[PDB]
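You are given structure tokens for the same protein chain in two forms, set apart as structure 1 and structure 2.
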Structure 1
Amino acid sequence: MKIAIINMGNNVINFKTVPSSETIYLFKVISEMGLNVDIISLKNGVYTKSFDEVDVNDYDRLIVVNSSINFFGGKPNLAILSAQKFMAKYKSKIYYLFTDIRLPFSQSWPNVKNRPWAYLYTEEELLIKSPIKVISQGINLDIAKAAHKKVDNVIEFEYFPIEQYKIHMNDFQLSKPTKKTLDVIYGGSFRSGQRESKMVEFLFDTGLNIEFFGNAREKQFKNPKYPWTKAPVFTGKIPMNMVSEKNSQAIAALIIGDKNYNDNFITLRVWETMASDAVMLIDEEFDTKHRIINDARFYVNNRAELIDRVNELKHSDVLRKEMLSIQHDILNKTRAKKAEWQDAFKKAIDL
């Protein structure tokens, strides 16, 4: 049983980029469940083999991490092209890891055939014909199916909480008490404005000391529907493997998601925050049944409630510590079911 895992649209080298990091983390957690897996990318490296030096059909399972396939500038992007050529050459079922609602599987050929550089490829080389099974991080498969309505060979859909790999890694550990320098923190990208209203609601004009780290920049928040006066402090992006340490610098860390994530997706940040030294504060709309933690104190409905909750946490170190203890225990409750999680993954990739 030989497994190959690839990222469909980003080069994989180290933990300096999120797409690379997630692909390596996946390679690691799969390896840790006793499976023989190789990451195949553009070049050989510490964690990878090169597309041009391996035969994709020597593998029994091909796993693909979702990605955008947009050709910015209308120029060729080898990460996308080489990955899809690799997929197209494969003659068995492809397992597409759908961790981001914005990144459903899509074919590059239709968007390559009319380019001035189309001559560099052929339909046979890029058009992926093998059956594809979508492994949805979201429990609502109708939403996952809707996102893949325009791709005929996607014949199977199955839910699997892919994002739990963060807590099941062999080197995992909870963050320790950390000196606080912020009231609230949130790390992420702008996501092309898909979550602008929520970001403005909970991170802007709060009167609190808030930091927004990651790709996002203040000048990206210009939608007239969600005005603001005082923005949080924006700092640069950091490596994925340093995120929990960053979250720990704050009293609390925010959990919000895209509309389609509500009561559907449990995201990496849920685990990165829950395991950190920052109290996890979740937008009620994101988890209305409180399935993450059955304690109302971890949920906020709007800006005012967030401000009040944070004020309460700043005022009572006892409450802060009590809540951290609670979220840490809940996290460990899920870590306890690691074997179950591993078995469900194997079943998802037909093993």
Structure 2
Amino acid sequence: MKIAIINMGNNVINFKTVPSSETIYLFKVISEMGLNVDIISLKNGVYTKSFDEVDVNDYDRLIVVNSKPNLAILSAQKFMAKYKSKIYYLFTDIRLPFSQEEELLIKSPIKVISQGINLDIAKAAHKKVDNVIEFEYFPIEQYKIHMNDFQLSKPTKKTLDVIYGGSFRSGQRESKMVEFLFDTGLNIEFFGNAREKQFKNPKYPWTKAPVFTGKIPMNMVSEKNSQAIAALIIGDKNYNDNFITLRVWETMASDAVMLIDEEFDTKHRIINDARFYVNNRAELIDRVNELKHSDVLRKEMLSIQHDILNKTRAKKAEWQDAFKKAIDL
């Protein structure tokens, strides 16, 4: 069968853009499943084919990913509007559900392959889509760990207590970042798209902020994380008890102990060990001190999380088969 992948919102040509890179990594892992795949974009290149150089109905399955209208957007729509079969939408971000004069109207039925295990959240987010639509769960984010050259970080010299990478997402996220990363009295670093000046809501007061550092190359999350004793996984609305994110795997792979905000995984799906979960600032402080004072606890926890990462990678074949079934192969 011939499969084509389209990035609905961004242009794809190289690794010099976060959205172009993730698309190329997905393409790589799907190709490696032993599938004839192409990426359709604006231009022809070492990784893509241009919309005008391919025939839309030349492909048997069409996979769509996504991450102010522009060229990539209008072109993708036009292309999909001429496609005559079912479109497979990878639902990887709660804020980015599929969404849509005649040359742009998509009429094909749409199957949403949800990264989150709770399909009701997936159904509610697309309640505005009139197209015939069906839902299925698949852990898409494991694509990074099934990369053939994925590796676990090795013992690193610690220069930080806690590290957190992320962008300034307001609301619960803002409230949770202030709760776990501010006024702790620990040596904390916050890397990514977030600046101290953004934390100006009188609703969430704090005295002392963590060290904010820039973004880091999207292939060094684990190495950045390894400089710390622990790395934190913070909850977000609708992600909690639903999605597992790339940050979880990147953090699990690192030399830093992965501590998870309880509210993000109340059933303890990620790791069935209470030691890895914290409910508030007090617990994070106590847990980090325990880790700092017991090299034995720290090493034990690390080997447990690396173990969980490894069993998961051990099921690569079944993950591949599940993916194919999800795209009706």
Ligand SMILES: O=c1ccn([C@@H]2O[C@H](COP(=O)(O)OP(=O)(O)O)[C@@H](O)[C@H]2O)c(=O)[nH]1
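For numbering, take structure 1's sequence and count from 1. Basically, rigid core = biggest C-alpha set you can superpose within 1.5 Å across the two forms.
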Decide which single structure shows the form deposited without the named molecule, answering 1 or 2. 2
Does the C-alpha of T17 move 2 Å or more between the two structures once the rigid core is lined up? yes
Once everything's superposed on the core, is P177 shifted 2 Å or more at the Cα between the two structures? no
Core superposed first: is there a CA shift of 2 Å or greater at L42 between the two structures? yes
Angstrom displacement of the CA atom of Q194 between the two structures, core fixed: 5.4
When only the core is superposed, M323 shows a C-alpha shift between the two structures in angstrom of 0.5
For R217, give the CA shift between the two structures in Å, the superposition being done on the rigid core. 1.6
